[PDB]
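*Asks:* Could you have a look at this structure, given as structure tokens, before my questions?
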Amino acid sequence: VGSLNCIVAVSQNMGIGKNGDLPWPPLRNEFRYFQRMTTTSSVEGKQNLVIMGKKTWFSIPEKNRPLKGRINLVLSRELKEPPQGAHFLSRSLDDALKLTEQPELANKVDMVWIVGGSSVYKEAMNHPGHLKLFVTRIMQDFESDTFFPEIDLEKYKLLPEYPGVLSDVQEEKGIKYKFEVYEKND
Ligand SMILES: NC(=O)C1=CN([C@@H]2O[C@H](COP(=O)(O)OP(=O)(O)OC[C@H]3O[C@@H](n4cnc5c(N)ncnc54)[C@H](OP(=O)(O)O)[C@@H]3O)[C@@H](O)[C@H]2O)C=CC1
Ligand SMILES: CN(c1cc(F)c(F)c(F)c1)c1cnc2nc(N)nc(N)c2c1
């Protein structure tokens with residue numbers, strides 16, 4: 001199994017969601033970037049596996065779920081089976097990562113992409129190991145009710161550029177944003 005990554009888009013006041021939607025109006029190319037980064041796998045005959053909390057899973061429009069071309073795994077302690085359209089269910093992040101080592105998935109999974117919510121990000125970010133964060137900075141404040149956890153820059157290094165990621169300022173619907181990639185290894 002390849003690398004472990006989180007991917008998020010975040011406003012200046014650290015918001016990632018409001019009432020199970022994004023805080024900002026749809027940014028079509030930002031979403032295109034999210035799709036491209038999570039779907040693209042180097043390794044022939046494998047797919048990447050996206051892990052998300054139950055609320056994130058239900059925040060994706062039914063038309064778009066499961067996220068096509070990736071293996072979709074939902075985290076939940078309440079659910080007893082994967083939701084309709086999902087592939088896998090686990091009771092914790094650690095369980096999910098362990099599953100990835102089982103026979104069912106060991107040779108199927110390339111990169112693992114955590115896509116929220118707020119508590120799945122936090123546990124990933126604070127667990128020892130090699131982890132990258134792909135962070136889109138939406139450069140304006142937006143009213144939010146969910147937030148991205150604190151990035152500890154003592155351990156997460158912002159990379160000066162990364163292949164496949166644009167380095168300059170993007171703008172859609174009058175909202176400026178930029179892409180960043182952070183890396184820790186501890
Ligand atoms: N813009 C961005 O970058 C992104 C924003 N978002 C936003 O996130 C918002 C959702 O907020 P948030 O509270 O984070 O929702 P989450 O996606 O974190 O949902 C968490 C729920 O799923 C289950 N769960 C979560 N973590 C675990 C875990 N670690 N182990 C086992 N089960 C777990 C729990 O349900 P249970 O009670 O059944 O156990 C929990 O109530 C959405 O509205 C969406 O808009 C989401 C992704 C990206
Ligand atoms: C979870 N998700 C999402 C949430 C919604 F509410 C939607 F209506 C939607 F179409 C996608 C989403 C959207 N854009 C993202 N962009 C980046 N960079 N990273 C994510 N994890 C992400 C998630």
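If you go along the chain as it appears here, the first residue is 1 and each next one adds 1.
Header entry for method reads X-ray crystallography, 1.6 Å.
Backbone N, Cα and C define each Cβ position, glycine as well.
For reference, Swiss-Prot lists these features for the protein:
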type	residues	note
DOMAIN	3-184	domain 'DHFR'
BINDING	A9, 15-21, 54-56, 76-78, 116-123	NADP(+) binding site
BINDING	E30, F31, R32, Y33, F34, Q35, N64, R70	substrate binding site
*Asks:* Can you check what DSSP calls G20 (NADP(+) binding site), collapsed to helix, strand or coil?
*Replies:* coil
*Asks:* Which binding-site residues from the set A9, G17, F31, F34 come near ligand 2, judged by a Cβ under 6 Å from any of its atoms?
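*Replies:* Near ligand 2, sequence order: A9, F31, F34.
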*Asks:* What is the separation, in Å, between the Cα atoms of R77 (NADP(+) binding site) and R70 (substrate binding site)?
*Replies:* 22
*Asks:* Taking the residues the record says bind substrate (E30, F31, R32, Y33, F34, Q35, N64, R70), how far apart in Å are the two Cα atoms that sit farthest from each other?
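*Replies:* Result: 18 Å between the two most distant Cα atoms.
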*Asks:* Which secondary structure state does DSSP assign to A9 (NADP(+) binding site), in the simple three-class scheme?
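*Replies:* Its secondary structure by DSSP: strand.
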*Asks:* Could you tell me which of the binding-site residues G17, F34, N64 have their C-beta within a distance under 6 angstroms of some atom of ligand 1?
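*Replies:* Once distances to ligand 1 are taken from each Cβ, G17 fall under 6 Å.
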*Asks:* Measuring Cα to Cα, how far is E30 (substrate binding site) from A9 (NADP(+) binding site) in Å?
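*Replies:* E30 (substrate binding site) and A9 (NADP(+) binding site) have their Cα atoms 8 Å apart.
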*Asks:* If H, G and I count as helix, E and B as strand, and all else as coil, what does DSSP give for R32 (substrate binding site)?
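*Replies:* In three-state terms, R32 (substrate binding site) counts as helix.
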*Asks:* For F31 (substrate binding site), identify the closest of the binding-site residues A9, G17, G20, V120, judging by Cα separation.
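*Replies:* Its closest listed neighbour, by Cα, is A9.
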*Asks:* Select the closest residue to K55 (NADP(+) binding site) from the following binding-site residues, measuring between CA atoms: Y33, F34, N64.
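*Replies:* That would be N64, nearest by Cα distance.
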*Asks:* Pull out the binding-site residues from the set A9, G117, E123 whose C-alpha sits within 10 Å of the C-alpha of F34 (substrate binding site).
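*Replies:* Of everything listed, what lies within 10 Å of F34 (substrate binding site) (Cα to Cα) is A9.
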*Asks:* Which chain-mates of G17 (NADP(+) binding site) that are at least 6 residues away have a CB under 8 A from its CB, listed by sequence?
*Replies:* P23, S59, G116, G117, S118, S144, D145, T146
*Asks:* Around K55 (NADP(+) binding site), how many other C-beta atoms are within 10 angstroms of its C-beta?
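*Replies:* 16, counting other Cβ atoms within 10 Å of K55 (NADP(+) binding site).
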*Asks:* Please report how many Å separate the Cα atom of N64 (substrate binding site) from that of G20 (NADP(+) binding site), as a whole number.
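*Replies:* Cα of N64 (substrate binding site) to Cα of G20 (NADP(+) binding site) measures 15 Å after rounding.
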